[PDB]
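Notes follow the structure.
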Amino acid sequence: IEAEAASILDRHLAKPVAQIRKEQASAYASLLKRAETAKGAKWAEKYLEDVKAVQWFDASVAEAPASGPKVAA
Amino acid sequence: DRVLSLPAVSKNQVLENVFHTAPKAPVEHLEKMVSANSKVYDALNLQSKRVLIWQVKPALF
Amino acid sequence: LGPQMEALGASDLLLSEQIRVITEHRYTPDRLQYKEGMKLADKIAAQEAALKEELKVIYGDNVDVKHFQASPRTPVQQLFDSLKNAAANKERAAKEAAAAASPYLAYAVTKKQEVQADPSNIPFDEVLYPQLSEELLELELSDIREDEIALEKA
Amino acid sequence: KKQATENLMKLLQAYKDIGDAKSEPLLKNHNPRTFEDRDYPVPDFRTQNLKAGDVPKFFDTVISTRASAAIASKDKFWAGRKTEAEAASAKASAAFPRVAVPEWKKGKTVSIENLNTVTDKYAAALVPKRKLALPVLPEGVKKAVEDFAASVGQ
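Chains as they are written, first to last, in UniProt numbering: chain A, 222 to 294; chain B, 63 to 123; chain C, 362 to 515; chain D, 53 to 206.
If you want it as structure tokens, here you go:
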């Protein structure tokens, strides 16, 4: 895994930044519509529920970054 | 044939051999490293709104 | 003489558009020096866009680039065009540092303006490289001297 | 790539050293007029059997031959200058300052007090190495001379 990640990174560090952001936005958007065209499957609702939970994590960190995410305490 | 006593190299060919490359601006090193260090600020500061510290070292709660 | 009745810098047209009517007059399109003269009119029109853009930030959009191509502004007039926009420059930087995305970028748009609004930081090529700006003067003084030897021989 | 950039920066130091030892002008060797031969035997068109429309095409190929032979003589200067500086590039110092980047340790974070002193190093090279001390009149002395004229009534 160390050798795969060092091989994936060095292939990615040789790209210009405009290529990277649109290679990844193409791969992110293609993988959303594979979960959105999946009609009512339990894995597809759980997929898009976890995309909503990642966006909660990014939003809860933006509210207090020295604290982290907000847990119920 | 007075034109054959003029310098044969044009005024154009002087201005393209003296000004061959468009020179590098003084400010293009600032505004290109600053926009790249603004991504070093974002990911790696602890006061940024998008830090990677909760994505790479998840907190023990 | 026609177009050559007035000097190269002393018409009402811009210098790049005057080189075109001198070259169309002295030479036919067959010639080598018609081709080298219309190419020179592109190198001068390139310098008139770079002078329009440099002075667009001060004198507006109707900059009248003919006046500053013929007689460029002195180091004292570059100063007094710095100072006559500095109040709207220090207030634009303060309105941009307030709405910058992060306190790294907010310091970076004030530190850049703290250097750019000081008129002592304007790079004068004649102050920086004195031997270069005298030799860029003797590129046009030697182009004229070759036209003056051609008239002393005639 | 770091070694290619250190080789190029050592080469451009070798170009600057052996061009300042020879004390040559800056624009002299980039000007292809200075490699032109003015004492060339200048072919006479009255001995070349030209017809009516043929003389301006004769003049163009005497000029463009003599201009190509001045450009190709400039190329022979720089190709001989390159091997002179590449020889001294191999015996050089290679003590260059490094690019100011913000200090980032392995698992640590980046302080904004180090991102800002890096940005100070970018905006301290925006000042020119030799500058006109163009004085702004401060308001501390522009009012001490304005009201001194207003106490007299101007």
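Think of the CB as a built atom: it goes at the ideal place given N, C-alpha and C, for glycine as much as any other residue.
Taking C-beta atoms as the reference points, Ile419 (chain C) and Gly398 (chain C) fail to come closer than 8 Å.
Distance from the CA atom of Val426 (chain C) to the CA atom of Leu412 (chain C), rounded to whole angstroms, is 7 Å.
Look at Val96 (chain B) here: in three-state DSSP terms it is helix. Within the segment 464-476 of chain C, those residues whose Cβ lies closer than 8 Å to any Cβ of chain D are, in chain order, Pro464, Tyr465, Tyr468, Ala469, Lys472, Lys473, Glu475 and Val476. Pairwise C-beta distances place the segment 492-500 of chain C in contact with the segment 76-86 of chain D, as three or more of them are shorter than 8 Å.
Sequence-ordered contacts of the segment 276-287 of chain A with chain B read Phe278, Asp279, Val282, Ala283, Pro286 and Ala287 [C-beta pairs closer than 8 Å].
At a beta-carbon threshold of 8 Å, the residues of chain D lying near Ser72 (chain B) are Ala119, ordered along the chain. If you check each beta-carbon in the segment 480-495 of chain C against every beta-carbon of chain D, the ones closer than 8 Å belong to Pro480, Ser481, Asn482, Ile483, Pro484, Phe485, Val488, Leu489, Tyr490, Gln492 and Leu493. Taking a C-beta distance under 8 Å as the contact criterion, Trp156 (chain D) and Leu106 (chain B) qualify as a contact pair. Non-local C-beta neighbours of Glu257 (chain A) in its own chain, meaning closer than 8 Å and more than five positions away in sequence, comprise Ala265 and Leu269, ordered along the chain. Secondary structure note for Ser75 (chain D): it is in no alpha helix (DSSP H), with a DSSP letter that is neither H nor E. Distances from the alpha-carbon of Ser67 (chain B) to those of D:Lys53, D:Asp96 and D:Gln65 put D:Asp96 closest. For a Cβ distance threshold of 8 Å, residue set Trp116 and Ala121 of chain B lies close to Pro290 (chain A), ordered along the chain.
A buried status is given to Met95 (chain B), since no fewer than 16 other beta-carbon atoms sit within 10 Å of its beta-carbon. If you ignore the 5 residues before and after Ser443 (chain C), its C-beta comes within less than 6 Å of the C-beta of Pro480, all in its own chain and listed in chain order. Judged by DSSP secondary structure, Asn81 (chain D) falls outside any alpha helix (DSSP H); it is assigned neither H nor E. The straight-line gap separating the alpha-carbon atoms of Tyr92 (chain D) and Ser116 (chain D) is approximately 14 Å. With respect to chain B, the C-beta atom of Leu401 (chain C) has a partner C-beta closer than 8 Å.
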